[PDB]
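What follows is the content of protein36.tsv (TSV, N, CA and C atoms).
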chain	number	residue	atom	x	y	z
A	1	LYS	N	109.83	112.76	117.61
A	1	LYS	CA	108.97	112.77	116.41
A	1	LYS	C	109.09	111.43	115.71
A	2	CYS	N	108.01	110.97	115.10
A	2	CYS	CA	108.02	109.70	114.41
A	2	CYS	C	106.86	109.61	113.43
A	3	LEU	N	107.01	108.75	112.44
A	3	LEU	CA	106.00	108.56	111.41
A	3	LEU	C	104.95	107.54	111.86
A	4	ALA	N	103.68	107.89	111.72
A	4	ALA	CA	102.59	107.01	112.13
A	4	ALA	C	102.32	105.91	111.10
A	5	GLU	N	101.18	105.24	111.25
A	5	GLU	CA	100.79	104.16	110.36
A	5	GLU	C	100.42	104.69	108.98
A	6	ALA	N	100.94	104.00	107.98
A	6	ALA	CA	100.73	104.33	106.57
A	6	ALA	C	101.31	105.70	106.25
A	7	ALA	N	102.47	105.98	106.84
A	7	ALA	CA	103.12	107.27	106.62
A	7	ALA	C	104.34	107.13	105.71
A	8	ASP	N	104.48	108.04	104.76
A	8	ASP	CA	105.61	108.04	103.83
A	8	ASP	C	106.93	108.15	104.60
A	9	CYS	N	107.93	107.39	104.18
A	9	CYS	CA	109.22	107.42	104.84
A	9	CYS	C	110.38	107.39	103.85
A	10	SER	N	111.45	108.04	104.25
A	10	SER	CA	112.66	108.13	103.47
A	10	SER	C	113.86	108.23	104.41
A	11	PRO	N	114.99	107.63	104.02
A	11	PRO	CA	116.22	107.61	104.83
A	11	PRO	C	116.63	108.99	105.34
A	12	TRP	N	116.63	109.98	104.46
A	12	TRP	CA	117.01	111.33	104.86
A	12	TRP	C	115.78	112.24	104.88
A	13	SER	N	115.04	112.24	103.79
A	13	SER	CA	113.85	113.07	103.66
A	13	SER	C	112.65	112.43	104.36
A	14	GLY	N	112.77	112.18	105.66
A	14	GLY	CA	111.68	111.57	106.39
A	14	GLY	C	111.87	111.64	107.89
A	15	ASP	N	111.60	110.53	108.55
A	15	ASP	CA	111.72	110.42	110.00
A	15	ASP	C	111.61	108.95	110.39
A	16	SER	N	111.86	108.65	111.65
A	16	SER	CA	111.75	107.29	112.12
A	16	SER	C	110.29	106.97	112.37
A	17	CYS	N	109.87	105.78	112.01
A	17	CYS	CA	108.49	105.38	112.20
A	17	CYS	C	108.21	105.09	113.68
A	18	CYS	N	107.04	105.49	114.15
A	18	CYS	CA	106.63	105.24	115.53
A	18	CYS	C	106.55	103.74	115.72
A	19	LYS	N	106.85	103.27	116.91
A	19	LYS	CA	106.80	101.85	117.15
A	19	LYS	C	105.38	101.43	117.52
A	20	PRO	N	105.01	100.20	117.16
A	20	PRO	CA	105.89	99.27	116.48
A	20	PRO	C	105.73	99.28	114.95
A	21	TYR	N	105.40	100.43	114.38
A	21	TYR	CA	105.24	100.54	112.93
A	21	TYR	C	106.61	100.54	112.26
A	22	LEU	N	106.68	99.95	111.08
A	22	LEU	CA	107.94	99.87	110.36
A	22	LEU	C	107.81	100.37	108.92
A	23	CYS	N	108.84	101.08	108.46
A	23	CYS	CA	108.87	101.63	107.11
A	23	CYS	C	108.99	100.49	106.10
A	24	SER	N	108.04	100.40	105.18
A	24	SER	CA	108.07	99.35	104.19
A	24	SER	C	108.59	99.86	102.85
A	25	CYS	N	109.63	99.21	102.36
A	25	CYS	CA	110.24	99.54	101.08
A	25	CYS	C	110.14	98.33	100.16
A	26	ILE	N	108.91	97.98	99.79
A	26	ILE	CA	108.65	96.81	98.94
A	26	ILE	C	109.10	97.00	97.49
A	27	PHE	N	110.32	97.52	97.31
A	27	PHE	CA	110.91	97.74	95.99
A	27	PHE	C	110.06	98.69	95.14
A	28	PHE	N	109.23	99.48	95.79
A	28	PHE	CA	108.38	100.44	95.10
A	28	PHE	C	108.42	101.78	95.81
A	29	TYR	N	108.46	102.83	95.03
A	29	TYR	CA	108.49	104.19	95.55
A	29	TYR	C	107.06	104.70	95.69
A	30	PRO	N	106.72	105.34	96.81
A	30	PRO	CA	107.62	105.59	97.93
A	30	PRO	C	107.46	104.58	99.07
A	31	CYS	N	108.40	104.60	100.00
A	31	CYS	CA	108.34	103.72	101.16
A	31	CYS	C	107.36	104.30	102.17
A	32	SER	N	106.73	103.45	102.97
A	32	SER	CA	105.78	103.95	103.95
A	32	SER	C	105.71	103.06	105.19
A	33	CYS	N	105.73	103.68	106.36
A	33	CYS	CA	105.63	102.96	107.62
A	33	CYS	C	104.25	102.35	107.72
A	34	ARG	N	104.21	101.07	108.02
A	34	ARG	CA	102.96	100.34	108.14
A	34	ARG	C	102.82	99.78	109.54
A	35	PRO	N	101.58	99.52	109.98
A	35	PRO	CA	101.31	98.96	111.30
A	35	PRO	C	101.95	97.58	111.43
A	36	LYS	N	102.34	97.20	112.63
A	36	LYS	CA	102.97	95.92	112.81
A	36	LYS	C	101.92	94.82	112.82
A	37	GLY	N	102.32	93.70	112.26
A	37	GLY	CA	101.46	92.55	112.13
A	37	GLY	C	101.75	91.90	110.80
A	38	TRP	N	102.10	92.75	109.85
A	38	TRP	CA	102.48	92.33	108.52
A	38	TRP	C	103.97	92.01	108.53
If you convert what's in this file into structure tokens, what do you get?
Amino acid sequence: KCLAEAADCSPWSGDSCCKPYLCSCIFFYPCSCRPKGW
């Protein structure tokens, strides 16, 4: 299981983001996995 693009993410209350998407925590709540390129 993994979080898709633009999916909310949290260390415990979440899941690992699907590759190559990465969870973005731009110092703002909530964090969200975004597509790779950024």
I'd like the neighbourhood of region 30-32 of chain A as a compact mmCIF listing (two decimals) with N, CA and C atoms, in the coordinates of the input, where a residue qualifies if any of its atoms comes within 6 Å (using only N, CA and C atoms), though same-chain residues fewer than 3 positions away should be ignored.
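After the write, around_11.txt holds the following:
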# COMPACT_ATOMS: atom_id res chain seq x y z
N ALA A 6 100.94 104.00 107.98
CA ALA A 6 100.73 104.33 106.57
C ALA A 6 101.31 105.70 106.25
N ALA A 7 102.47 105.98 106.84
CA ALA A 7 103.12 107.27 106.62
C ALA A 7 104.34 107.13 105.71
N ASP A 8 104.48 108.04 104.76
CA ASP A 8 105.61 108.04 103.83
C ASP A 8 106.93 108.15 104.60
N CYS A 9 107.93 107.39 104.18
CA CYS A 9 109.22 107.42 104.84
C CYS A 9 110.38 107.39 103.85
N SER A 10 111.45 108.04 104.25
CA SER A 10 112.66 108.13 103.47
C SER A 10 113.86 108.23 104.41
N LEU A 22 106.68 99.95 111.08
CA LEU A 22 107.94 99.87 110.36
C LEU A 22 107.81 100.37 108.92
N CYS A 23 108.84 101.08 108.46
CA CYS A 23 108.87 101.63 107.11
C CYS A 23 108.99 100.49 106.10
N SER A 24 108.04 100.40 105.18
CA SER A 24 108.07 99.35 104.19
C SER A 24 108.59 99.86 102.85
N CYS A 25 109.63 99.21 102.36
CA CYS A 25 110.24 99.54 101.08
C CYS A 25 110.14 98.33 100.16
N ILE A 26 108.91 97.98 99.79
CA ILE A 26 108.65 96.81 98.94
C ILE A 26 109.10 97.00 97.49
- Just the residues within 6.5 Å of residue 16 (chain A), please, counting only N, CA and C atoms, with nothing from its chain fewer than 2 positions along; format it as a VMD selection string. chain A and resid 1 to 3 14 18
- Just give me the gap between atom C of residue 38 (chain A) and atom C of residue 11 (chain A) in Å, one decimal is fine.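 According to the coordinates, atom C of residue 38 (chain A) and atom C of residue 11 (chain A) are separated by 21.4 Å.
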- Where does DSSP see strand (DSSP E or B) in chain A, if you list the residues as a list in words? residues 3, 7, 8, 9, 17, 22, 23, 24, 31, 32, 33 and 34 of chain A
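Of note, CA of residue 29 (chain A) and atom C of residue 13 (chain A) are spaced 12.8 Å apart.
Atom N of residue 36 (chain A) sits 6.1 Å away from atom N of residue 20 (chain A).
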Centre and size of axis-aligned box enclosing region 6-13 of chain A plus 8 Å each side, as AutoDock Vina command-line options:
--center_x 108.9 --center_y 108.5 --center_z 105.7 --size_x 32.3 --size_y 25.1 --size_z 20.5
- Within 6.5 Å of (100.4, 103.1, 115.0), in the coordinates the file gives, what residues turn up when you count only N, CA and C atoms, written out as a PyMOL selection string? chain A and resi 4-5+18-21+35
Can you put N, CA, C and O atoms back into region 2-24 of chain A and show it as an mmCIF file, in the coordinates of the input?
data_model
loop_
_atom_site.group_PDB
_atom_site.id
_atom_site.type_symbol
_atom_site.label_atom_id
_atom_site.label_comp_id
_atom_site.auth_asym_id
_atom_site.auth_seq_id
_atom_site.Cartn_x
_atom_site.Cartn_y
_atom_site.Cartn_z
ATOM 1 N N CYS A 2 108.010 110.970 115.100
ATOM 2 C CA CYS A 2 108.020 109.700 114.410
ATOM 3 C C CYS A 2 106.860 109.610 113.430
ATOM 4 O O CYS A 2 105.868 110.328 113.568
ATOM 5 N N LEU A 3 107.010 108.750 112.440
ATOM 6 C CA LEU A 3 106.000 108.560 111.410
ATOM 7 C C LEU A 3 104.950 107.540 111.860
ATOM 8 O O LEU A 3 105.289 106.459 112.329
ATOM 9 N N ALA A 4 103.680 107.890 111.720
ATOM 10 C CA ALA A 4 102.590 107.010 112.130
ATOM 11 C C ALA A 4 102.320 105.910 111.100
ATOM 12 O O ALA A 4 103.133 105.657 110.201
ATOM 13 N N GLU A 5 101.180 105.240 111.250
ATOM 14 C CA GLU A 5 100.790 104.160 110.360
ATOM 15 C C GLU A 5 100.420 104.690 108.980
ATOM 16 O O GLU A 5 99.707 105.681 108.845
ATOM 17 N N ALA A 6 100.940 104.000 107.980
ATOM 18 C CA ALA A 6 100.730 104.330 106.570
ATOM 19 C C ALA A 6 101.310 105.700 106.250
ATOM 20 O O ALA A 6 100.737 106.478 105.497
ATOM 21 N N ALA A 7 102.470 105.980 106.840
ATOM 22 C CA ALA A 7 103.120 107.270 106.620
ATOM 23 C C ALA A 7 104.340 107.130 105.710
ATOM 24 O O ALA A 7 105.140 106.221 105.889
ATOM 25 N N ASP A 8 104.480 108.040 104.760
ATOM 26 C CA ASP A 8 105.610 108.040 103.830
ATOM 27 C C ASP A 8 106.930 108.150 104.600
ATOM 28 O O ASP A 8 107.024 108.918 105.559
ATOM 29 N N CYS A 9 107.930 107.390 104.180
ATOM 30 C CA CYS A 9 109.220 107.420 104.840
ATOM 31 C C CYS A 9 110.380 107.390 103.850
ATOM 32 O O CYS A 9 110.300 106.783 102.782
ATOM 33 N N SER A 10 111.450 108.040 104.250
ATOM 34 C CA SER A 10 112.660 108.130 103.470
ATOM 35 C C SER A 10 113.860 108.230 104.410
ATOM 36 O O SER A 10 113.747 108.807 105.493
ATOM 37 N N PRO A 11 114.990 107.630 104.020
ATOM 38 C CA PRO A 11 116.220 107.610 104.830
ATOM 39 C C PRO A 11 116.630 108.990 105.340
ATOM 40 O O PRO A 11 116.947 109.147 106.521
ATOM 41 N N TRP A 12 116.630 109.980 104.460
ATOM 42 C CA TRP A 12 117.010 111.330 104.860
ATOM 43 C C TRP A 12 115.780 112.240 104.880
ATOM 44 O O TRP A 12 115.524 112.933 105.865
ATOM 45 N N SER A 13 115.040 112.240 103.790
ATOM 46 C CA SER A 13 113.850 113.070 103.660
ATOM 47 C C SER A 13 112.650 112.430 104.360
ATOM 48 O O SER A 13 111.629 112.150 103.732
ATOM 49 N N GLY A 14 112.770 112.180 105.660
ATOM 50 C CA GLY A 14 111.680 111.570 106.390
ATOM 51 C C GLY A 14 111.870 111.640 107.890
ATOM 52 O O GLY A 14 112.239 112.682 108.426
ATOM 53 N N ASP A 15 111.600 110.530 108.550
ATOM 54 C CA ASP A 15 111.720 110.420 110.000
ATOM 55 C C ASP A 15 111.610 108.950 110.390
ATOM 56 O O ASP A 15 111.285 108.110 109.551
ATOM 57 N N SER A 16 111.860 108.650 111.650
ATOM 58 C CA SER A 16 111.750 107.290 112.120
ATOM 59 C C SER A 16 110.290 106.970 112.370
ATOM 60 O O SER A 16 109.548 107.804 112.874
ATOM 61 N N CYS A 17 109.870 105.780 112.010
ATOM 62 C CA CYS A 17 108.490 105.380 112.200
ATOM 63 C C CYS A 17 108.210 105.090 113.680
ATOM 64 O O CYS A 17 109.046 104.477 114.362
ATOM 65 N N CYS A 18 107.040 105.490 114.150
ATOM 66 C CA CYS A 18 106.630 105.240 115.530
ATOM 67 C C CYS A 18 106.550 103.740 115.720
ATOM 68 O O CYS A 18 106.242 103.017 114.788
ATOM 69 N N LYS A 19 106.850 103.270 116.910
ATOM 70 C CA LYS A 19 106.800 101.850 117.150
ATOM 71 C C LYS A 19 105.380 101.430 117.520
ATOM 72 O O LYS A 19 104.627 102.207 118.101
ATOM 73 N N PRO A 20 105.010 100.200 117.160
ATOM 74 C CA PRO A 20 105.890 99.270 116.480
ATOM 75 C C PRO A 20 105.730 99.280 114.950
ATOM 76 O O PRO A 20 105.909 98.249 114.306
ATOM 77 N N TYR A 21 105.400 100.430 114.380
ATOM 78 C CA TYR A 21 105.240 100.540 112.930
ATOM 79 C C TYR A 21 106.610 100.540 112.260
ATOM 80 O O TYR A 21 107.585 101.055 112.815
ATOM 81 N N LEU A 22 106.680 99.950 111.080
ATOM 82 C CA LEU A 22 107.940 99.870 110.360
ATOM 83 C C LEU A 22 107.810 100.370 108.920
ATOM 84 O O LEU A 22 106.808 100.115 108.249
ATOM 85 N N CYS A 23 108.840 101.080 108.460
ATOM 86 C CA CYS A 23 108.870 101.630 107.110
ATOM 87 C C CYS A 23 108.990 100.490 106.100
ATOM 88 O O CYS A 23 109.926 99.691 106.167
ATOM 89 N N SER A 24 108.040 100.400 105.180
ATOM 90 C CA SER A 24 108.070 99.350 104.190
ATOM 91 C C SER A 24 108.590 99.860 102.850
ATOM 92 O O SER A 24 108.049 100.816 102.279
#
